[PDB]
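Colleague: Next one to model:
(one chain, ligands or ions: 3)
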Amino acid sequence: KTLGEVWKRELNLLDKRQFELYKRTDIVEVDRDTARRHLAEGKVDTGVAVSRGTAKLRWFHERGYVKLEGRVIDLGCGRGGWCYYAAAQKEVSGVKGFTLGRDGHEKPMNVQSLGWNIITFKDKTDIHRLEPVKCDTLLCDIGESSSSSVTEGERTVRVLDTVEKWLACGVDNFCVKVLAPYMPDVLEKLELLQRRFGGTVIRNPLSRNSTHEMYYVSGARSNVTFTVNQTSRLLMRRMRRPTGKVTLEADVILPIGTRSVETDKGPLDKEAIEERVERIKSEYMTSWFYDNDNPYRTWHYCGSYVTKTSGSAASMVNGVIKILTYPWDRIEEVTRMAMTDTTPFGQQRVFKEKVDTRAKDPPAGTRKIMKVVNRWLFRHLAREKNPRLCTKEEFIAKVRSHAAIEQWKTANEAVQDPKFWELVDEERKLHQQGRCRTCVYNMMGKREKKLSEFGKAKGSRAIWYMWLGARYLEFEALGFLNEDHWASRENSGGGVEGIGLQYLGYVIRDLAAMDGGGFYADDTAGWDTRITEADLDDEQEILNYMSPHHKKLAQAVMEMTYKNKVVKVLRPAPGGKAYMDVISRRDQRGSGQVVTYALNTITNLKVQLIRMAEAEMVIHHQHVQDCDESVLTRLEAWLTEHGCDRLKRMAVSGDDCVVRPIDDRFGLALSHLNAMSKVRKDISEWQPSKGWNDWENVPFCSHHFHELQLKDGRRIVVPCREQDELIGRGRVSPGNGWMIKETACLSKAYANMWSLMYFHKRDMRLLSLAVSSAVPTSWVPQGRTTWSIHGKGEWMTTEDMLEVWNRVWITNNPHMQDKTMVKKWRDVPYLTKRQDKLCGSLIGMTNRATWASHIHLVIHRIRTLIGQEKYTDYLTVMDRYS
Ligand SMILES: Nc1ncnc2c1ncn2[C@@H]1O[C@H](CSCC[C@H](N)C(=O)O)[C@@H](O)[C@H]1O
Ligand SMILES: [Zn+2]
Ligand SMILES: [Zn+2]
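Modeller: Numbers count the residues shown, from 1 in each chain. Ligands and ions are numbered 1, 2, ... in the order given. Okay, here it is:
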């Protein structure tokens, strides 16, 4: 009935070619081929616009139709082009982008365009339910082209109705996609918006003639019906004259880099870090400068210098594992597994999301509770043991395989040089004088295997290193916590220090033997970023149990290194180099250290202790902001009465915890947990915690555990996890373009680990024997299979896997009384077919059957690719391969 509807009918009538000639008739078009090539090849530092629509917005921007100012909100950001264009503008202070980005639609894109650090994307979000927030620039580009004008009208009035809520909040500028402005209802709603907010609809000359879309912008007014019918007129006159000749305009190229932001910096003890920052500043005088575009909001930024870039965003595929695991080529849970982006870019955006947060200081009463529970906990941990200095000889012996770490080229080469220990003696003297000059953190990226985000690699968590001397000073001052097993289960009740993955399940099962409610195993969202200054001062209680000579050194580490940190982080820089930024705060720690694990276990013991005190109504919510000596003495007596029992109801490894409380009130004790910033991951701040019914389903150290019965009726507790995680992690190789010899040794290492810990999963045992049947027998397993401290590496030997199996499970297992060894592989049991299927096995499917029949042809393929060597057919140790 309307002229636009006539355009819709006449448009549907056109065939393919006439559609193609009317699509580009007299429109303005940017050439996207170069940018599309850049984004196909994975280049994210070129600055090209990530979508056509960007240019659209640019038009509206540079002729006054919309101003981009202040806080920008983008409803339906898609790839994110409008967010990037807005973020590259000086007049913009922040950008929040939301999009569905699921089920076919385009997912957000992470690129280095200018202002990338002031954008916050959130996919899998329905904008129609998102409560409007106050902003200064409201953008919306939502609307799907349909063939029925009724569909366009209903979707359009839905969009405008939702946008009306966001406009009610009082926005200065806006640009809202009106998909079908020719429909009468859309005209009425638009007219009401014109009376209530101003603005008008504007046809964008970059819009293809295949859509009738116009844009409600705030920088002009006109008669809605008149200009809409004029745009319909133009679209019809263009349909009648189908020339397809396009007007030309240049595509969008934006600059790269970060932008400054409003800061929320806390106190900084400049005098404490002055010597270190001046040493770094002097060693790199040729590059030193203060970058006024640093993205740090909560970290104090001190300066930057220039080095070479490092890390990779690529994920290398282990060839033999990927070929043997072909039936999983279509599973997303395995294919989405990849290496972590260790480039300064992904490093820096992980720093943005997770590390650059602002911490809440625990309120006064919660702090007092922390002091009481902490002091009690340290009084109980130091009942038997005595703190002690660790020796140079212990350190040199530990250099066989250590962690958290230019005159020398190897650690062993440095600890053999007396000049190194001269430097150590000098920095130790400095620490004794209350000065520190070289103990600096280098925050480099950790090559981990994570699930890809969007379809590209997820950023890399950072592990903090120090030079060899600083780690020796830390080890001398506080290494006794590790070397004397302070976090042991015998010394702490809740600790699990020393117990490997093998025997960890016996702890959970033991907790299941107790009385009480369900199991709780809550993950903390970024534990290291939530360790407060209060947690650090609480951990400094060890100083009160030391000799003066020891307390001075340890105090120097704790105060000058853990609190007054100096951290060096990589950030992308022009050209092929990178900026090294020197930043500092007081309220975080790094996971790389080996003393980190002990103090995280102790502090988590304190945390779960407090939460259990709230769950038993010793303390509760009113006691958050403050606390009387009455309830404080109550808590004291409660620790006296039940402290050691509650500790024994815990399995704590660093930030991982498993608590078996008296009752399920534990799931609702959240006041102090949230007050201490130990916020639970993947849950609402005040939503009750997920309980657990069957202990065999409780997660701990990335695993769950099952009870298995051997052929001879005996029982063992085995670890298990989703098979998709094991295969996806086994399918990825760290190094670049490696030799088939390296990745074959890595594959043999994975096969040995699967044989040792995950033998009871049928695809995993068949996979192990297949791998060790395609890899030369005389080759030695190398590489890293796990990052867990509970992975003792027993599978990394050239031994027969059956004998290390009988060793760890029968010979060296304290829970196995009868030490009778198992003779053949076929006598080693499997999980129940139900439990195996429930934990990711592909048994039953005909693709795994065909896989198991044709696995030998693939084995021969891999042997051929590796070349001429001595192989062995291990598969004969299975029933159906004799
Ligand atoms: N219901 C919804 N809620 C949020 N975003 C949606 C949505 N439906 C579609 N979208 C997203 O909105 C995007 C529109 S493209 C417009 C945004 C911008 N021009 C750009 O892509 O760079 C699509 O990519 C789609 O993924
Ligand atoms: Zn130092
Ligand atoms: Zn399982």
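Colleague: Neighbours of residue 194, how many?
Modeller: A count of nearby residues for residue 194, using other CB atoms under 10 Å, gives 17. Any C-beta I mention is one placed from the backbone N, CA and C, and that applies to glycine too.
Colleague: Tell me if I am right that it is in a helix.
Modeller: Yes - when classified by DSSP: H, G, I helix; E, B strand; the rest coil, residue 194 is found to be part of a helix.
Colleague: Can you pull the residues of the stretch 101-250 of the chain lying near ligand 1?
Modeller: Residues of the stretch 101-250 of the chain lying close to ligand 1 (CB under 6 Å from any ligand atom) are 101, 105-106, 126-127, 141-142.
Colleague: Which element, helix or strand, includes residue 345?
Modeller: helix 344-350 (DSSP states H and E).
Colleague: cool, and residue 652?
Modeller: strand 650-653.
Colleague: other SSEs contacting that strand?
Modeller: Where contact means 3 or more CB pairs under 8 Å, 6 or more residues apart in numbering; DSSP states H and E, strand 650-653 is packed against helix 501-513, helix 595-615, strand 656-659.
Colleague: Include distance to residue 816 when you put the ones you listed into CSV, please.
Modeller: As requested, the helices and strands packed on strand 650-653 are exported to CSV (distance: least, CB to CB, whole Å):
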stretch, distance to residue 816
helix 501-513, 10
helix 595-615, 27
strand 656-659, 23
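Colleague: Out of those, flag the one nearest ligand 3.
Modeller: helix 501-513 (10.6 Å; CB to the ion).
Colleague: quick check, that closest one touching ligand 3?
Modeller: No - residues of helix 501-513 are not located near ligand 3 by CB under 5 Å from the ion, the shortest gap being 10.6 Å.
Colleague: Please point out which parts of that helix sit buried.
Modeller: 501-511 (16 or more other CB atoms under 10 Å).
Colleague: same check, this time on stretch 438-457
Modeller: Quick answer for stretch 438-457 (16+ other CB under 10 Å): 438-445, 447-450, 452-454, 456-457.
Colleague: Now do the contacts for the residue nearest to residue 597 when sequence neighbours are not counted.
Modeller: Distance criterion CB to CB, 6 or more residues apart in numbering; nearest residue to residue 597, sequence neighbours excluded, is residue 654 at 5.2 Å. Shown in contact with residue 654 (CB atoms under 8 Å, 6 or more residues apart in numbering): 527, 591, 596-597, 600-601, 604, 789.
Colleague: if we can go back for a sec, which member of the residues of the stretch 101-250 of the chain next to ligand 1 is positioned nearest residue 671?
Modeller: residue 126 (30.9 Å; CB to CB).
Colleague: count of neighbours near the closest one?
Modeller: Residue 126: 9 neighbours (other CB under 10 Å).
Colleague: switch to numbering from 59
Modeller: Happy to do that; since the first residue is 59 now, the last one works out to residue 184.
Colleague: Contacts only, for it.
Modeller: Residues near residue 184 by CB under 8 Å, 6+ apart: residue 158.
Colleague: Can you tell me the SS state at residue 521?
Modeller: Going by three-state DSSP: residue 521 is strand.
Colleague: Then residue 763?
Modeller: strand.
Colleague: can you pull the contacts of it?
Modeller: Residue 763 touches 562-563, 566-567, 753-754, 756, 775-778, counting by CB under 8 Å, 6+ apart.
Colleague: give me the residue from the stretch 509-658 of the chain nearest ligand 1.
Modeller: Residue of the stretch 509-658 of the chain nearest ligand 1, by CB to the nearest ligand atom: residue 512 (11.7 Å).
Colleague: That residue: what's it in contact with?
Modeller: 159, 165-168, 181.
Colleague: follow-up on the earlier one: restrict the buried residues of stretch 496-515 to contacts with ligand 2.
Modeller: Within those, those near ligand 2 by CB under 5 Å from the ion are residue 497.
Colleague: just checking, which of the buried residues of stretch 496-515 belong to helices?
Modeller: Using DSSP state H, no member of the buried residues of stretch 496-515 falls within helices.
Colleague: Domains in this structure, by residue range?
Modeller: 59-321, 322-940 (curated CATH domains).
Colleague: Tell me the gap between the shortest one and the middle of its chain.
Modeller: Read that as domain 59-321. 32 Å (CA atoms, centre = their mean, to the nearest Å).
Colleague: Check stretch 345-361 too.
Modeller: The answer for stretch 345-361 is 24 Å, by CA atoms, centre = their mean.
Colleague: Show me which positions of it end up buried.
Modeller: Quick answer for stretch 345-361 (16+ other CB under 10 Å): 346, 349, 352-361.
Colleague: export that stretch as CSV, just CAs?
Modeller: Taking C-alpha atoms only, stretch 345-361 is exported to CSV below (Å, rounded to 0.1, in the frame of the first residue of the first chain):
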residue,chain,number,x,y,z
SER,A,345,65.1,3.8,24.3
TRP,A,346,63.7,5.1,27.5
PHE,A,347,60.7,7.4,27.4
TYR,A,348,57.3,8.1,29.1
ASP,A,349,54.5,6.9,26.7
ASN,A,350,51.6,9.2,27.2
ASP,A,351,49.4,6.6,25.5
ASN,A,352,49.8,3.8,28.1
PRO,A,353,46.6,1.9,28.7
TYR,A,354,47.1,1.3,32.5
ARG,A,355,44.2,2.5,34.6
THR,A,356,44.9,0.8,37.9
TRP,A,357,48.6,0.2,37.6
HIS,A,358,51.1,2.9,38.2
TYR,A,359,53.0,3.5,34.9
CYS,A,360,56.6,4.6,35.2
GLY,A,361,58.1,4.4,31.7
